[PDB]
């Protein structure tokens, strides 16, 4: 009921029913600790993900402005760009994607397979660039050129992580709260923390619906020092827009992404292997694999606030498995 101001934002229906919240009995056995999973990897458009929730709000907003083109940015293998491109195609909007190679790879599958293949299936107009040094500004320049061609573009920022976009994860917290109700009394929630909309949206929602639960973001691209201010700003802007206050502290663990965004690491791949072999759940080498590696090491190192049930938010990413194989 404190999140009722959410009702006032127009949104499209991309998801429908709440995504499953499942107990992981085999993984729990192995880690010695009750673990659950929020399956946002099973959202029903083009192989799923956390970005569909944000797109419900952002695309609603675009249509409301009479836009006919969605414009966004990410790595060649971004899930966000793939989701945005899938939603564009489904609604008959044009889509332009500004892409970069953040790891300097020349591997054929990174360059052409996985998410990148799907963009071509979606008739995505592709704009390569050297490095997204200033993505907000670089998106704007692109939007101007696109407009000059007569299109009516709507810029979706990196990962859809504006306060409006992040409303989808406030919404997700309501699902989670309901799903947990009488069930598992949760101590902790683990989510990947990248462009920050998921983390920030969950922070606001969980502070007001489950204020005793500890929320941990495992960084996938940045140190705590670089990432915290970004999650905080979004948290405050989301709160502002919902006429709430957000006093919770943001928690981040930055030990699990080295050597960099989009580079696999051993602990990441081990987590992917663990979850596949124990639960038939597919994680990914860029986001959820590193996040699950974080969760695991936090049990190892007694990093969590107590010994109680943990909820892992599965944010998607699996198509990247095929792009990352055999190596980058």
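Positions refer to the first chain, counted from 1.
Original post:
Do a third or more of the other compared entries leave residue 242 out of the model?
Top reply: Comparison shows residue 242 kept in all of the other entries.
Subject >> Third-or-more of other entries without residue 232 >> reply: Comparison shows residue 232 kept in all of the other entries.
Original post:
Which is higher on average in the deposited entry, the C-alpha temperature factors of 56-64 or of 255-263?
Top reply: According to the entry, 56-64 carries the higher average C-alpha B-factor.
Original post:
Looking at the deposited entry, does 115-123 or 203-211 carry the larger mean Cα B-factor?
Top reply: For C-alpha atoms only, the mean B-factor is higher in 203-211.
**OP:** Would you mind checking which of 95, 180, 107, 250 has the top Cα temperature factor in the PDB entry?
**Re:** The listed residue with the largest C-alpha B-factor is 180.
Original post:
Say you rank 101, 138, 72, 221 by Cα B-factor from the PDB entry; which sits at the top?
Top reply: Among 101, 138, 72, 221, the PDB entry lists the largest C-alpha B-factor for 138.
**OP:** Relative to the other modelled residues of the same chain, rank the CA B-factor of residue 21 and answer lowest, middle or highest third.
**Re:** Middle third.
**OP:** Place residue 84 in the lowest, middle or highest third of its chain's C-alpha B-factors, as listed in the PDB entry.
**Re:** Answer is lowest: the recorded C-alpha B-factor places it there.
Original post:
Among the modelled residues of its chain, does the C-alpha B-factor of residue 28 lie in the lowest, middle or highest third?
Top reply: Answer is middle: the recorded C-alpha B-factor places it there.
Original post:
Within this chain, which third does the Cα B-factor at residue 1 fall in: lowest, middle or highest?
Top reply: Within its chain, residue 1 is a highest-third residue by C-alpha B-factor, going by the deposited values.
**OP:** Can you work out whether the C-alpha temperature factor of residue 15 puts it in the lowest, middle or highest third of the chain?
**Re:** Its C-alpha B-factor belongs to the highest third of this chain's values.
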